[PDB]
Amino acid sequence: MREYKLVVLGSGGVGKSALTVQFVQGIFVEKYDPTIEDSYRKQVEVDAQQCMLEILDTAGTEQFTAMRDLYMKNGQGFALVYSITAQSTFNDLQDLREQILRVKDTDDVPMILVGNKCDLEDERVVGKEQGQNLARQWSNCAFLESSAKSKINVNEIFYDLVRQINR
């Protein structure tokens, strides 16, 4: 079976772990905070093709890890996650995308931009159009808003990332 090495990136507290665990294990972490950078495995079918996914759930961009450039070089596709309730987490993604492009030395890198915590619409500070606009600037043709808590678009993040990889 074809294996896909996916990497989930973004600033602290946006729901990287929550999205990864909801996808792979089908449960919501609540307050559980892995802070090991573990890999999680799940087999799926995307567009009638069997896929074995390995998903690396990274620590926040703010935090120490001696493995970041390695993660970026070796990752086949990247989910760049922000929270719709924190503008800083959205703006932080611009530098992380640039770091990936620098390491890969190319602009053509499978990526999905993800605005998480859509269930906190009442606390939204990042517009959906702003997210759509950032993906546009990246010439990236995949953008989603999600909720790890409400299970909205969780599977679709990873399915769409697989699609960007095997386009």
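From 1 onward, residues are counted along the sequence shown.
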*Would 83-91 or 68-76 have the larger average of its C-alpha temperature factors, as given in the entry?*
68-76
*Using only the Cα atoms and their B-factors as the entry lists them, report which of 9-17 and 140-148 averages higher.*
140-148
_C-alpha B-factor winner, where the candidates are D47, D119, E123, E54_ = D47
*Consider only the C-alpha atoms of the modelled residues in this chain, order them by B-factor as the entry records it, and name the third containing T61: lowest, middle or highest.*
highest
_Quick check on the deposited entry: does the C-alpha B-factor of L134 sit in the lowest, middle or highest third of its chain?_
middle
*asked:* Quick check on the deposited entry: does the C-alpha B-factor of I27 sit in the lowest, middle or highest third of its chain?
replied: middle
_Looking at the temperature factor on the CA atom of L113, which third of the chain's modelled residues does it land in?_
lowest
